[PDB]
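*Asks:* Questions regarding the structure given below will be posed in turn.
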Amino acid sequence: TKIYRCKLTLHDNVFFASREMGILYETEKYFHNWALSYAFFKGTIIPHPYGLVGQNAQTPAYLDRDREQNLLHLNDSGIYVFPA
RNA sequence: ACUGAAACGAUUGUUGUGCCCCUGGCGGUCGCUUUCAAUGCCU
Numbered sequence: 002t003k004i005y006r007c008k009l010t011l012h013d014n015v016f017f018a019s020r021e022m023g024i025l026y027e028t029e030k031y032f033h034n035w036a037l038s039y040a041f042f043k044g045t046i047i048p049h050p051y052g053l054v055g056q057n058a059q060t061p062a063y064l065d066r067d068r069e070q071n072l073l074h075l076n077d078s079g080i081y082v083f084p085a
């Protein structure tokens, strides 16, 4: 129902390790939706555990109801960010 | 797990070494301490 046109201005340099070739690591020119969804709603809606240990420390929880860092909380909040 | 979690292009290094503000130069030239004067007056 509501739609928000949000324009993002970088106030310091942004890095994502999108691809790697030798000494060079580089960032794709589109911000992925799921990265922005946690940037907007983690701590406010999605939980933000400061620590991890175990399999949970190197396995995503993107769409796993059994884990706290889900993007599915937002399906239930009725919210969806698009990619940038 | 935001293509995620942590993330020093760093460490060391003398703008250095030699160098005469040097050489030449007459404070010089001209200039009368000058001009006038009773050892005097009386015995």
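Take the first sequence: its letter number 74 is residue 75 in PDB author numbering, and every next letter is one higher.
Even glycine gets a Cβ: it sits at the ideal position worked out from N, Cα and C.
Kindly indicate the opening and closing residues of the beta strand (DSSP E) around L25.
*Replies:* 25 to 27 is the span of the beta strand (DSSP E), which, as asked, contains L25.
*Asks:* Compute the distance between the beta-carbons of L72 and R66, then report whether it is under 8 Å.
*Replies:* Against a cut-off of 8 Å, the Cβ pair of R66 and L72 comes out as no contact.
*Asks:* In angstroms with no decimal places, state the Cα-to-Cα distance between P84 and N34.
*Replies:* Whole-angstrom Cα-Cα distance: 4 Å.
*Asks:* Counting Cβ pairs closer than 8 Å, one from the region 23 to 32 and one from the region 44 to 59, do we hit at least three?
*Replies:* No: the two stretches stay apart, fewer than three of their Cβ pairs being nearer than 8 Å.
*Asks:* Quick check: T28 and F16, are their CB atoms within less than 8 Å of each other?
*Replies:* For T28 and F16, yes; Cβs fall inside 8 Å.
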